[PDB]
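As C-alpha cells, the structure follows; a few thoughts come after it.
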Amino acid sequence: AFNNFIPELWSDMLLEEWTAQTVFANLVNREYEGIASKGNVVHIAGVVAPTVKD
Amino acid sequence: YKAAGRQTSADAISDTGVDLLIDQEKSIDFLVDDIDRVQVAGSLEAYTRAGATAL
C-alpha cells in the first residue's frame with residue numbers, strides 16, 4: 001500500500017493539565033501582610049490573664 | 001495479456017519516498033570589548049559582516 005504518501009496529523013493545541021482548584025489562601029487570615037511588607041519575621045504576642053484569687 | 005489466456009486482474013498501486021531532514025543548525029557567537037571599541041582607529045562593524053559571510 002502507500003507507505004510514504006499517507007500523512008499523520010498533529011493537533012495545534014496542547015492539552016492543559018487538569019489541576020486542583022486552590023482555595024486555602026482566601027480562607028486563612030491575611031491581616032499581617034501590611035506589617036510584613038519588610039523583614040523576615042513577625043512577632044505576634046497574646047495576653048496571659050491574671051489569676052482570680054480566693 | 002495474451003499469455004495469461006486472455007485474463008487480467010488489478011494490482012495494488014504503490015509509492016516510494018525520501019525524507020528531507022531539517023537537521024543542520026550552525027551558529028556564530030563573538031565578543032566586541034567596550035575598551036577595544038573605543039580605542040581602535042575605526043568601525044568594528046566588519047566583524048558582523050564577516051560572521052554573516054561565514055554562515
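Residues in the C-alpha cells are numbered from 1 in each chain, the chains being A, B, ... in the order shown, and ligands are numbered from 1 in the order shown.
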For chain B, report every residue with an atom at most 9 Å from chain A (counting only C-alpha atoms), formatted as a ChimeraX atom specification. /B:12-18
For the residues in that selection, give me N, CA and C atoms as a short mmCIF file (atom, residue, chain, number, x, y, z; two decimals), in the first residue's frame.
data_model
loop_
_atom_site.label_atom_id
_atom_site.label_comp_id
_atom_site.auth_asym_id
_atom_site.auth_seq_id
_atom_site.Cartn_x
_atom_site.Cartn_y
_atom_site.Cartn_z
N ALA B 12 -2.40 -3.92 -6.79
CA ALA B 12 -2.28 -2.79 -5.89
C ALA B 12 -1.21 -1.80 -6.37
N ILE B 13 -1.54 -0.51 -6.43
CA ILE B 13 -0.56 0.56 -6.65
C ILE B 13 0.31 0.77 -5.42
N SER B 14 1.43 1.47 -5.57
CA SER B 14 2.42 1.70 -4.51
C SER B 14 3.06 3.08 -4.62
N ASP B 15 3.86 3.43 -3.62
CA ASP B 15 4.69 4.62 -3.58
C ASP B 15 6.13 4.27 -3.19
N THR B 16 6.99 5.26 -3.34
CA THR B 16 8.33 5.35 -2.76
C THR B 16 8.43 6.69 -2.06
N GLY B 17 9.44 6.89 -1.22
CA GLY B 17 9.71 8.23 -0.73
C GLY B 17 11.08 8.42 -0.09
N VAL B 18 11.44 9.68 0.07
CA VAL B 18 12.66 10.17 0.70
C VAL B 18 12.29 11.23 1.73
#
List every residue of chain B that DSSP, applied to the backbone, labels as helix (DSSP H, G or I), and write the result as an NGL selection string. :B and (34-39 or 46-54)
Can you write out the residues you just picked, keeping N, CA and C atoms, as a CSV table (one decimal), in the first residue's frame?
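again.csv, written as the output of this step:
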chain,number,residue,atom,x,y,z
B,34,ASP,N,34.2,46.7,25.0
B,34,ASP,CA,33.9,48.1,25.1
B,34,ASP,C,35.2,49.0,25.1
B,35,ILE,N,36.3,48.5,25.7
B,35,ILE,CA,37.5,49.3,25.7
B,35,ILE,C,38.1,49.2,24.3
B,36,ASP,N,38.2,48.1,23.6
B,36,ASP,CA,38.6,48.0,22.2
B,36,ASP,C,37.8,48.8,21.3
B,37,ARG,N,36.4,48.8,21.4
B,37,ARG,CA,35.5,49.6,20.5
B,37,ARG,C,35.8,51.1,20.6
B,38,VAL,N,36.2,51.6,21.8
B,38,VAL,CA,36.7,53.0,22.0
B,38,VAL,C,38.1,53.2,21.5
B,39,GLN,N,39.0,52.3,21.7
B,39,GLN,CA,40.4,52.6,21.4
B,39,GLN,C,40.9,52.3,20.0
B,46,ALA,N,32.5,45.5,10.5
B,46,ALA,CA,33.0,44.5,9.6
B,46,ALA,C,33.0,43.1,10.2
B,47,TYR,N,33.2,42.9,11.5
B,47,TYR,CA,33.2,41.6,12.2
B,47,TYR,C,31.8,41.0,12.1
B,48,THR,N,30.7,41.8,12.1
B,48,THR,CA,29.3,41.3,11.9
B,48,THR,C,29.1,40.8,10.5
B,49,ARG,N,29.5,41.6,9.5
B,49,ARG,CA,29.5,41.1,8.1
B,49,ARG,C,30.4,39.9,7.9
B,50,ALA,N,31.5,39.8,8.5
B,50,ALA,CA,32.4,38.6,8.4
B,50,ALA,C,31.7,37.4,9.0
B,51,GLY,N,31.1,37.5,10.1
B,51,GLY,CA,30.3,36.4,10.7
B,51,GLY,C,29.1,36.0,9.8
B,52,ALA,N,28.3,36.9,9.3
B,52,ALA,CA,27.3,36.6,8.3
B,52,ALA,C,27.8,35.9,7.1
B,53,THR,N,28.9,36.4,6.5
B,53,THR,CA,29.5,35.8,5.3
B,53,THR,C,30.0,34.4,5.6
B,54,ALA,N,30.5,34.1,6.9
B,54,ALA,CA,31.0,32.8,7.3
B,54,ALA,C,29.8,31.8,7.4
What does the structure give for the distance between CA of residue 21 (chain A) and CA of residue 33 (chain A), in Å to one decimal?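 Here the two named atoms are 23.2 Å from each other.
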Please identify all polymer residues within 12 Å of residue 32 (chain A), counting only C-alpha atoms, omitting same-chain residues fewer than 6 positions from it, and present them as an MDAnalysis selection string. chainID A and resid 38 41:44
Written selection (C-alpha atoms) as a PDB file, in the first residue's frame:
ATOM      1  CA  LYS A  38       9.543  44.331  55.244  1.00  0.00           C
ATOM      2  CA  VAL A  41       9.699  37.642  60.868  1.00  0.00           C
ATOM      3  CA  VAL A  42       6.531  38.918  62.548  1.00  0.00           C
ATOM      4  CA  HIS A  43       6.354  38.565  66.344  1.00  0.00           C
ATOM      5  CA  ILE A  44       2.759  38.017  67.499  1.00  0.00           C
TER       6      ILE A  44
END
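Coordinates place CA of residue 30 (chain A) at a distance of 26.4 Å from CA of residue 49 (chain A).
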Can you tell me, as a ChimeraX atom specification, what residues are no more than 8 Å from region 25-27 of chain B when counting only C-alpha atoms, ignoring any on the same chain fewer than 2 positions away? /B:23,29,55
